[PDB]
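I have placed the structure first, in the form of structure tokens, so that the comments after it can refer back to it.
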Amino acid sequence: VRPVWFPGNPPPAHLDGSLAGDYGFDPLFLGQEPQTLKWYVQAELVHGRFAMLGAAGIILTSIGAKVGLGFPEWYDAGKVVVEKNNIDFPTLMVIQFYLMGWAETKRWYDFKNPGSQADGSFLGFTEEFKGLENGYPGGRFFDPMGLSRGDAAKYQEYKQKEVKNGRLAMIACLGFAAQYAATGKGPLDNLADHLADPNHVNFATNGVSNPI
Amino acid sequence: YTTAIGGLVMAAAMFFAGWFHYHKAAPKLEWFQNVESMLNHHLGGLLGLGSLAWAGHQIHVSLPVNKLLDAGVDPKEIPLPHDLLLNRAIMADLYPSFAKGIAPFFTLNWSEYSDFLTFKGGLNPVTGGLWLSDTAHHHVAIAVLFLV
Amino acid sequence: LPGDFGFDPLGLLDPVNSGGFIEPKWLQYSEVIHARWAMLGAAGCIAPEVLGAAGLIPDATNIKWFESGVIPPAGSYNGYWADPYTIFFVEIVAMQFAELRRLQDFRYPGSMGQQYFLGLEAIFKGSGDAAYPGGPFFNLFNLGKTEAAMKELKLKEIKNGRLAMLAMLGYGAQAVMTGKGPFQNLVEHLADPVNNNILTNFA
Amino acid sequence: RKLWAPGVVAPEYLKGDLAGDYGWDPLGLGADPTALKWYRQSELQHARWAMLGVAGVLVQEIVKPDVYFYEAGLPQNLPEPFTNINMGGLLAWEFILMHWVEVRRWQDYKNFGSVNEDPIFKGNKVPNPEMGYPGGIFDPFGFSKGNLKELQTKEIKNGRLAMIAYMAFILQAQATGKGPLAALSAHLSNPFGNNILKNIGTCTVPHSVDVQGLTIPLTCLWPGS
Amino acid sequence: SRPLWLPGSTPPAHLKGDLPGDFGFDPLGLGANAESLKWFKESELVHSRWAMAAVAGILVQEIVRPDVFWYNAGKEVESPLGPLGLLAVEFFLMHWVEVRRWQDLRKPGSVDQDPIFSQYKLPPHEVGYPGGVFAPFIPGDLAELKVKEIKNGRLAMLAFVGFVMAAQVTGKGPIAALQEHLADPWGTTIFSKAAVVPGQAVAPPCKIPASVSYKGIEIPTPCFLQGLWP
Ligand code: CLA
Ligand code: CLA
Ligand code: CLA
Ligand code: CLA
Ligand code: CLA
Ligand SMILES: CC1=C[C@H](O)CC(C)(C)[C@H]1/C=C/C(C)=C/C=C/C(C)=C/C=C/C=C(C)/C=C/C=C(C)/C=C/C1=C(C)C[C@H](O)CC1(C)C
């Protein structure tokens, strides 16, 4: 048997175990249609990748912030980076939308037509924008070291590791958000605060978490 | 606010109850056709025990708090009702019958409860409403009547 | 089947046209669970008073059972290693695992010996019945080892449990009315029987 | 075979091959055979380190009764040749040496009979008859040719006893503030005084003791204050 | 199977024994693709050779001309040559050489001919080992010297990163650091300078300064990965 998200319940019919991180977790049956499930697969992978990258950013910047280097904490870095160098806010946002819109649109229309961008329309590139699977766009640009086309079972292991770490990162970033909303301080500052007095500094003491 | 949250929770309870009794455990006919049991349970349980419970709430919260509010003290200084449940001596300050506890009730000496179960008639002249002691006495008699 | 004493005037053990949470195979299970928790709780409510009266624990403890921190209005105790909320979160998580897995054994019998749980799998197989799992840990020593003795132990479990349930209701009622501990009530009533009763303590 | 209790059926995966086998496994953690092997190695390691620790506390109490073992790691209590040694370098020595030996042994776990050969002086070797009992240079005197089984049982039994007595050493070391022999003699002072009934609840250990540059956090096993 | 790292273990299925100095060290599986493995082979060779030359440079630079802090040396040696002119010469010359070598990589057997003097032609080779005028003679045999060069190279790369951190913690050269360590082995290690405890964490102070004013326009000088030191 597979390990299920809830030992004892059989897994739903549309979830089999061919995917990565497949634990049969779908109580609302949101992914019953195969196209909808395929789209949600891509959604989970993208959210996970941005979450991993973001939480790495938060943790590293906070490590640099507690030690006396002069880094701002993550709720202040936007203001001080825009303010301190010279940068006009809206032009930066607009260029963000330019580049992100270009690449993200390429991804969208590669989902609609699965092998369309490998035609040569972009400057000269062929078979380096052809996708490998759903949400795994491995070529020379996106898998430069070349891990996807060797050691297939070990590659399945890498898929499993990616999905697990991504989910952990997503709930980690949610942790950063709600944690800052509750305590109003930096995250690794909270880690050191809880690590100094574990029995008396936790969520059951802020007065905001449990209002009883 | 707490009452609001409680109301919402009871609402979810009711919708789940409806789903349960149509789809999972649906009664047969002859459950419904026992009108005599339904009469007993409604008359006793719903009307009667509701009256008795609300009499309890009036006697232990609504009489003293309104006595203080009509006495003139602002509402914040008034003790919270769980202090009225837990501390007998505050009730003994307000209505001295409570200093004797529930001994008058079980020995049929009900005449000593004339401080918070009254029969005065008209209105509260400082307020414009009915006397709440009458209201509590009323629900007590109602509950005895319906439970009988 | 245990504890069947010819009782039940209101008629709840009729299998015919039954369902939901009122059926023979859930009401009996509920009886045994309530019996076990009631035994445990009864001993727990008595123990600090008797241990403190015999002088075995110090007098920082020897507090009445409703003053542990269960009802913070009635009196709490500072000196635990954390706040009662921090205790309560641990309670939520641990009891969640235990009670929830127990539920999974009731709904799907035998389905608790497959998925990896740190190797604790031969212990949680259960048995044919659902209120008496057994196994190497719920039945450490093989108590009885037969059939003629097993019914006797089940029956004694049931009767002790029923006695415990009535006892625990007694502790609750007494703690409401007289406001003292249960061992305090035993001492006061064994002092003066006629002058200490329920009817003398009508105030 | 005597069991671990009267009238208890033995499990099916505990037959009598391993030593000290009483058929006692209420949690059934040794159902998987690979698990049984790895946990056997765990029992042997814990037994042997614990026997060393018990003899250590005992002989330090016999020889020089001033050394309170629970405070013996502080960098000023150490003996003759050095008394202000830098704990960083000492940790470096221990790290490299123990890493070498334990990584080597783990490799003996994963591949049975693969690290017997001396890597430098290649004409050296130890024959291990069973996994976890090397022999050879580890048996310089050769007491392991008579049936080897009763010596397995004696080793494992004494080790279990040593593990329990060492946790006794630490527990009553944190309760009553004294070493093992001091606690035994103070219990022989008066038996009814100086009991577990009175001294527990008081955990005499500090919150965080300072070493040369850092502050180690310290914990007792139960909240006593 | 000769020896392998962590002996007794099993090598990965893609490493067999064709290459010099392969011992089955790929837990990440970064050499599954042959087309990757050729590029990474060339990468290892080139990094090894640069590191060997640089480590010998640092050692001999300290030995012959002591009290010239190699980590500062750019702020030092400045000559009648302008730094812009030096940067230009380096840019054009190194650009030529690297482009030629990379053309040999991606298209084998093409750049073997001298462009100017059309008589000389480099003989056929195996990639990464050109030969010819690049190696006048072999002392010993080839297949052993390949192993020796890879070993000395990997050791040299580790030696240079050791040099960088050994400068960014202490503030001295390599041999001077060795003298300091032999002066007090128990008290001068990396474990003897910094440590992390759940209570507190302490790191060595950075000896190396901030932005360095070379010629007015300052060069910001950070230490590598400042915030994660012990
Ligand atoms: C999500 C749970 C769920 C699901 C899937 C179903 C599914 C079903 N139910 Mg069921 N039911 C449920 C919950 C559910 N019910 C609950 C909670 C109750 C208790 C209230 C019932 C009570 C119930 C009865 C009594 C009956 C069904 C019936 C049915 C069947 C047909 C339903 C249909 O076409 O009407 C769909 C109808 C709607 C979507 C209308 C919505 C009605 C809501 C409550 C109105 C509330 C809005 C309110 C007016 C506010 C508006 C303000 C103003 C603008 C007007 C179908 C199998 C019928 C059946 O099987 O036929 C033989 C049937 O007789 N169910
Ligand atoms: C003491 C027992 C008792 C009580 C309190 C009630 C109360 C009620 N019954 Mg009722 N009933 C009973 C016994 C009881 N019944 C018996 C024995 C039978 C079988 C003969 C029935 C058969 C019956 C039918 C067929 C119907 C009712 C209905 C109603 C509701 C009328 C609406 C109203 O004005 O309520 C005012 C609102 C309140 C008082 C809010 C309080 C509601 C909470 C949940 C108290 C309910 C107590 C609950 C019945 C005890 C069992 C709970 C369950 C978890 C086991 C009311 C809630 C009617 C109804 O509304 O159906 C939903 C209806 O159609 N009953
Ligand atoms: C129906 C509503 C109702 C309710 C809820 C109450 C409730 C109460 N009245 Mg009351 N009262 C009522 C109607 C009501 N009355 C009416 C109508 C009158 C007019 C006749 C009075 C007249 C009256 C007087 C004159 C006095 C009270 C008093 C009291 C309080 C103490 C009762 C007592 O002495 O012990 C009675 C004993 C019990 C009710 C037994 C309780 C048993 C508990 C709940 C069982 C719990 C067991 C369980 C296993 C515990 C779990 C353990 C574990 C899980 C933690 C109590 C809060 C007394 C008081 O405190 O004054 C402030 C008092 O002096 N009342
Ligand atoms: C108000 C109308 C009403 C009526 C007439 C019924 C009637 C019925 N329900 Mg039902 N139910 C209701 C509301 C109602 N329910 C609500 C609102 C819910 C959601 C919580 C449920 C949830 C529910 C479930 C989940 C189940 C039933 C079941 C049953 C059946 C057997 C009940 C029985 O004998 O148990 C006797 C009841 C008890 C032993 C429980 C008494 C104690 C609980 C806590 C109720 C206390 C009520 C009281 C008002 C609380 C006062 C508060 C005070 C103490 C402070 C019967 C057909 C069962 C069934 O179908 O089996 C045949 C069943 O499985 N119902
Ligand atoms: C410049 C870096 C570099 C590169 C590109 C290679 C490349 C190669 N080595 Mg190699 N090696 C290096 C440095 C390098 N080596 C060093 C310094 C050592 C000594 C520790 C070794 C020891 C070594 C052994 C023992 C073996 C190899 C083997 C191999 C080959 C197959 C493994 C593979 O695919 O890795 C590809 C390499 C990379 C993709 C580079 C990864 C760089 C990562 C992403 C940076 C993160 C490193 C991290 C910061 C840790 C730093 C170390 C710290 C102490 C500073 C491949 C040609 C195996 C072989 O010969 O089989 C053919 C083999 O058996 N190497
Ligand atoms: C039989 C019959 C028949 C017919 O037909 C019908 C009818 C009549 C309905 C029926 C009857 C019934 C009955 C009588 C019942 C009863 C019950 C009870 C009392 C329970 C309890 C029950 C009870 C219970 C559980 C309890 C439990 C308890 C506990 C846990 C406790 C705990 C605790 C402790 C330790 C101490 C501390 O400090 C506190 C706490 C923490 C709190």
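Scheme for the structure tokens: letters A, B, ... for chains in order shown; per-chain residue numbers from 1; ligand numbers from 1 in order shown.
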
From a DSSP pass on the backbone, collect the residues of region 39-155 of chain D flagged as helix (DSSP H, G or I) and hand them back as number ranges by chain.
D: 39-63, 69-71, 87-110, 136-138, 149-155

With only C-alpha atoms and all ligand atoms counted, collect every polymer residue having an atom within 10 Å of ligand 6; state the result as a ChimeraX atom specification.
/C:7-13,31,33-48,63-71,161-172

Write down, as a list in words, each residue of chain E that has any atom within 8 Å of an atom of chain A, counting only C-alpha atoms.
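Taking only C-alpha atoms into account, residues 29, 30, 32, 33, 36, 198, 199, 227 and 228 of chain E sit within 8 Å of chain A.
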
Do you know which residues are at most 12 Å from residue 116 (chain C) counting only C-alpha atoms, after dropping those on the same chain fewer than 6 positions away, and could you put them as a compact mmCIF listing (two decimals) with N, CA and C atoms, in the first residue's frame?
```txt
# COMPACT_ATOMS: atom_id res chain seq x y z
N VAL A 1 0.83 -1.20 0.00
CA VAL A 1 0.00 0.00 0.00
C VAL A 1 0.86 1.25 0.00
N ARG A 2 0.30 2.33 -0.48
CA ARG A 2 0.99 3.60 -0.36
C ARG A 2 0.76 4.19 1.02
N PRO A 3 1.69 5.01 1.51
CA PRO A 3 1.40 5.80 2.70
C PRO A 3 0.37 6.86 2.37
N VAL A 4 -0.73 6.87 3.11
CA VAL A 4 -1.84 7.76 2.88
C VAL A 4 -1.75 8.91 3.86
N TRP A 5 -2.35 10.05 3.51
CA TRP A 5 -2.40 11.18 4.42
C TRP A 5 -3.22 10.92 5.65
N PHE A 6 -3.86 9.78 5.75
CA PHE A 6 -4.78 9.50 6.84
C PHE A 6 -4.90 7.99 6.93
N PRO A 7 -4.09 7.36 7.74
CA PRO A 7 -4.00 5.90 7.70
C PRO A 7 -5.32 5.21 7.93
N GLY A 8 -5.83 4.54 6.91
CA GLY A 8 -7.07 3.82 7.03
C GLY A 8 -8.06 4.17 5.95
N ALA C 122 2.98 -4.40 14.83
CA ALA C 122 2.46 -5.63 15.40
C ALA C 122 1.68 -5.36 16.67
N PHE C 124 -0.47 -2.72 17.10
CA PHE C 124 -1.76 -2.12 16.79
C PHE C 124 -2.56 -2.94 15.79
N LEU D 29 9.23 -3.55 18.20
CA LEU D 29 10.04 -2.76 17.28
C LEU D 29 10.99 -3.60 16.45
N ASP D 32 10.81 -6.03 11.83
CA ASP D 32 11.62 -6.05 10.62
C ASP D 32 12.98 -6.65 10.93
```

If we count only C-alpha atoms, what is near residue 184 (chain D) at a cut-off of 12 Å, once residues fewer than 4 positions away on the same chain are taken out, given as a list in words?
residues 61, 168, 169, 172, 173, 176, 178, 179, 180, 188, 189, 190, 191, 194 and 195 of chain D

Could I get the residues of chain B with an atom no further than 12 Å from an atom of ligand 4, each paired with its nearest atom pair and that distance in Å to one decimal, using only C-alpha atoms and all ligand atoms, sorted by chain and residue number, as CSV?
```
residue,atom,partner,partner_atom_place_in_ligand_line,distance
B:9,CA,ligand 4,20 (C),10.5
B:10,CA,ligand 4,17 (C),8.1
B:11,CA,ligand 4,17 (C),9.2
B:12,CA,ligand 4,19 (C),8.8
B:13,CA,ligand 4,19 (C),5.2
B:14,CA,ligand 4,17 (C),5.1
B:15,CA,ligand 4,19 (C),8.2
B:16,CA,ligand 4,19 (C),6.4
B:17,CA,ligand 4,19 (C),4.3
B:18,CA,ligand 4,16 (C),7.7
B:19,CA,ligand 4,19 (C),9.5
B:20,CA,ligand 4,25 (C),6.9
B:21,CA,ligand 4,60 (O),7.0
B:22,CA,ligand 4,60 (O),10.2
B:23,CA,ligand 4,60 (O),10.6
B:24,CA,ligand 4,60 (O),8.0
B:25,CA,ligand 4,60 (O),4.8
B:26,CA,ligand 4,60 (O),6.9
B:27,CA,ligand 4,57 (C),5.9
B:28,CA,ligand 4,57 (C),9.0
B:29,CA,ligand 4,57 (C),11.1
B:30,CA,ligand 4,57 (C),11.2
B:31,CA,ligand 4,57 (C),7.6
B:32,CA,ligand 4,57 (C),9.3
B:34,CA,ligand 4,5 (C),11.8
B:37,CA,ligand 4,5 (C),10.9
B:38,CA,ligand 4,5 (C),8.7
B:39,CA,ligand 4,5 (C),11.9
B:41,CA,ligand 4,5 (C),9.5
B:42,CA,ligand 4,5 (C),9.8
B:45,CA,ligand 4,49 (C),8.3
B:46,CA,ligand 4,49 (C),8.3
B:47,CA,ligand 4,49 (C),11.6
B:48,CA,ligand 4,49 (C),12.0
B:49,CA,ligand 4,49 (C),9.0
B:50,CA,ligand 4,49 (C),9.2
B:52,CA,ligand 4,53 (C),11.7
B:53,CA,ligand 4,53 (C),8.9
B:54,CA,ligand 4,55 (C),11.5
B:56,CA,ligand 4,55 (C),11.8
B:57,CA,ligand 4,55 (C),11.8
```

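Within the 12 Å cut-off around residue 76 (chain B), using only C-alpha atoms and omitting residues fewer than 6 positions from it on the same chain, the listed residues are residues 65, 68 and 69 of chain B.
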
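Take the candidates C:196, C:119, C:191, C:74 and check each one against ligand 3 using only C-alpha atoms and all ligand atoms; the shortest distance goes to C:74.
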
Where does chain E meet ligand 5 within 7 Å, residue by residue, with the nearest atom pair and distance in Å to one decimal for each, counting only C-alpha atoms and all ligand atoms, listed by chain and rising number, as a Markdown table?
```
| residue | atom | partner | partner_atom_place_in_ligand_line | distance |
| --- | --- | --- | --- | --- |
| E:5 | CA | ligand 5 | 25 (C) | 6.9 |
| E:15 | CA | ligand 5 | 61 (O) | 5.9 |
| E:19 | CA | ligand 5 | 62 (C) | 5.9 |
| E:20 | CA | ligand 5 | 60 (O) | 6.7 |
| E:21 | CA | ligand 5 | 60 (O) | 5.1 |
| E:22 | CA | ligand 5 | 60 (O) | 3.1 |
| E:23 | CA | ligand 5 | 64 (O) | 3.5 |
| E:24 | CA | ligand 5 | 64 (O) | 4.3 |
| E:25 | CA | ligand 5 | 64 (O) | 4.0 |
| E:26 | CA | ligand 5 | 32 (C) | 5.2 |
| E:29 | CA | ligand 5 | 34 (O) | 6.5 |
| E:30 | CA | ligand 5 | 34 (O) | 4.0 |
| E:31 | CA | ligand 5 | 34 (O) | 3.7 |
| E:37 | CA | ligand 5 | 57 (C) | 6.0 |
| E:40 | CA | ligand 5 | 57 (C) | 4.5 |
| E:41 | CA | ligand 5 | 57 (C) | 3.7 |
| E:43 | CA | ligand 5 | 5 (C) | 4.8 |
| E:44 | CA | ligand 5 | 4 (C) | 4.1 |
| E:47 | CA | ligand 5 | 1 (C) | 5.0 |
| E:48 | CA | ligand 5 | 1 (C) | 6.9 |
| E:154 | CA | ligand 5 | 17 (C) | 4.5 |
| E:155 | CA | ligand 5 | 19 (C) | 6.4 |
| E:157 | CA | ligand 5 | 17 (C) | 5.3 |
| E:158 | CA | ligand 5 | 17 (C) | 5.6 |
| E:161 | CA | ligand 5 | 55 (C) | 6.1 |
```

Give me, as a Markdown table, the closest atom pair and its distance (Å, one decimal) for every residue of chain D within a cut-off of 10 Å of chain C, counting only C-alpha atoms, rows sorted by chain and rising number.
```
| residue | atom | partner | partner_atom | distance |
| --- | --- | --- | --- | --- |
| D:4 | CA | C:141 | CA | 10.0 |
| D:5 | CA | C:141 | CA | 7.5 |
| D:6 | CA | C:141 | CA | 8.3 |
| D:7 | CA | C:142 | CA | 6.7 |
| D:8 | CA | C:142 | CA | 5.7 |
| D:9 | CA | C:142 | CA | 7.7 |
| D:10 | CA | C:136 | CA | 9.9 |
| D:11 | CA | C:136 | CA | 8.9 |
| D:24 | CA | C:136 | CA | 9.7 |
| D:25 | CA | C:136 | CA | 7.9 |
| D:26 | CA | C:136 | CA | 5.1 |
| D:27 | CA | C:123 | CA | 6.0 |
| D:28 | CA | C:122 | CA | 6.0 |
| D:29 | CA | C:119 | CA | 5.3 |
| D:30 | CA | C:119 | CA | 7.8 |
| D:31 | CA | C:119 | CA | 7.4 |
| D:32 | CA | C:119 | CA | 7.8 |
| D:35 | CA | C:119 | CA | 8.7 |
| D:197 | CA | C:56 | CA | 7.2 |
| D:198 | CA | C:57 | CA | 8.6 |
| D:201 | CA | C:58 | CA | 9.7 |
| D:222 | CA | C:81 | CA | 9.3 |
| D:223 | CA | C:81 | CA | 6.4 |
| D:224 | CA | C:81 | CA | 8.9 |
| D:225 | CA | C:79 | CA | 9.2 |
```

Per-residue DSSP, chain E, filtered to strand (DSSP E), as a PDB file with C-alpha atoms, in the first residue's frame:
```
ATOM      1  CA  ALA E 195      31.243  28.201  18.251  1.00  0.00           C
ATOM      2  CA  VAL E 196      27.457  28.070  18.148  1.00  0.00           C
ATOM      3  CA  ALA E 201      26.680  32.076  18.634  1.00  0.00           C
ATOM      4  CA  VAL E 202      30.006  33.848  18.196  1.00  0.00           C
ATOM      5  CA  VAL E 212      39.426  49.642  -0.289  1.00  0.00           C
ATOM      6  CA  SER E 213      40.429  53.018  -1.749  1.00  0.00           C
ATOM      7  CA  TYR E 214      42.785  51.940  -4.515  1.00  0.00           C
ATOM      8  CA  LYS E 215      42.770  55.009  -6.774  1.00  0.00           C
ATOM      9  CA  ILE E 217      37.137  54.963  -6.848  1.00  0.00           C
ATOM     10  CA  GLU E 218      36.996  52.437  -4.031  1.00  0.00           C
ATOM     11  CA  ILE E 219      36.701  48.678  -4.478  1.00  0.00           C
TER      12      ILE E 219
END
```

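Interatomic distance, CA of residue 58 (chain E) against CA of residue 70 (chain E): 6.7 Å.
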